[PDB]
Amino acid sequence: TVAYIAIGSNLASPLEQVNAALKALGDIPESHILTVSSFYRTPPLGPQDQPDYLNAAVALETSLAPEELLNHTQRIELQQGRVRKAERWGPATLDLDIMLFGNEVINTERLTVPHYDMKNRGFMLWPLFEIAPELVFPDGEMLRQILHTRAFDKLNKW
Ligand SMILES: Nc1ncnc2c1ncn2[C@@H]1O[C@H](COP(=O)(O)CP(=O)(O)OP(=O)(O)O)[C@@H](O)[C@H]1O
Ligand SMILES: Nc1nc2c(c(=O)[nH]1)N=C(CO)CN2
Ligand SMILES: [Cl-]
Ligand SMILES: [Mg+2]
Ligand SMILES: [Mg+2]
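As numbered in the authors' numbering, residues 1 to 158 make up the sequence shown, in order.
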């Protein structure tokens, strides 16, 4: 199955973090990277006392179960120093979010797929569209169409 993973970093030299994350994603067992997006510099959504993000997306072919893939993305986050604080949508050395897991719909305590907010976020949809322009969401909507309709600002390269 192809999993689409959003990558964000706004602490501790985001370019180095995203390069490290890509290497580590490629080291996840029973998986392989298919496609990587460009790197974009995006203003923070949420609290404004934080740096701009590097945002990217990757397509990862995997035979892992979705929660097992999450275990591995979370491990990578911790290998790159991720800390979490009370404030919602605070900064991160590395944030790996599962946007889509094939065409699945997943509703569990640990995992909600499609990612709950991705359709509202150019910093997620634009990198996804670069690597999967023909993508169709589980609800039947086309990514390309959503982007044209919502008319989110185009992103700047990192
Ligand atoms: N699609 C998904 N991808 C990654 N985590 C998901 C997820 N759906 C639910 N999670 C859960 O989200 C929990 C908190 O992860 P965080 O990384 O702190 C949220 P965040 O990425 O900072 O905000 P965001 O989800 O609004 O982008 C994880 O412990 C995980 O169980
Ligand atoms: N620009 C940008 N803003 C964000 C991002 C992100 O990836 N990019 N992630 C958040 C929570 O994970 C909160 N805010
Ligand atoms: Cl959907
Ligand atoms: Mg996250
Ligand atoms: Mg996130």
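Note that the Cβ used here is the ideal one computed from N, Cα and C, for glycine as well.
Residues of its chain near residue i, where Cβ-Cβ distance is below 7 Å and the 5 sequence neighbours each way are ignored
i	result
residue 52	10, 41, 42, 43, 44
residue 47	87, 89, 90
Distance cut-off 8 Å: residue i Cβ against heavy atoms of ligand 5
i	result
residue 160	In the structure as shown, the chain begins at 1 and stops at 158. Residue 160 is therefore absent and cannot be evaluated.
residue 8	yes
Residue i and residue j closer than 9 Å at C-beta
i	j	result
residue 96	residue 12	no
residue 38	residue 60	no
residue 114	residue 138	yes
residue 131	residue 18	no
residue 124	residue 6	yes
residue 126	residue 15	no
Residue i CB to nearest heavy atom of ligand 2 below 8 Å
i	result
residue 53	yes
When the options are compared against residue i, the one with the closest alpha-carbon
i	options	result
residue 79	127, 23, 66	23
residue 28	4, 64, 107, 17	64
residue 140	72, 48, 103	103
Terminal residues of the alpha helix (DSSP H) in which residue i lies
i	result
residue 124	122 to 131
residue 21	14 to 25
Close Cβ partners of residue i (< 6 Å) along its chain, the five nearest in sequence each way excluded
i	result
residue 8	53, 55, 95
residue 143	129, 135
beta-carbon residue i near ligand 1 non-hydrogen atom, thresh 8 Å
i	result
residue 116	yes
Residue i: CB within 8 Å of a non-hydrogen atom of ligand 3
i	result
residue 66	no
residue 137	yes
residue 58	no
Bounding residues of the beta strand (DSSP E) (the contiguous stretch that carries residue i)
i	result
residue 55	53 to 62
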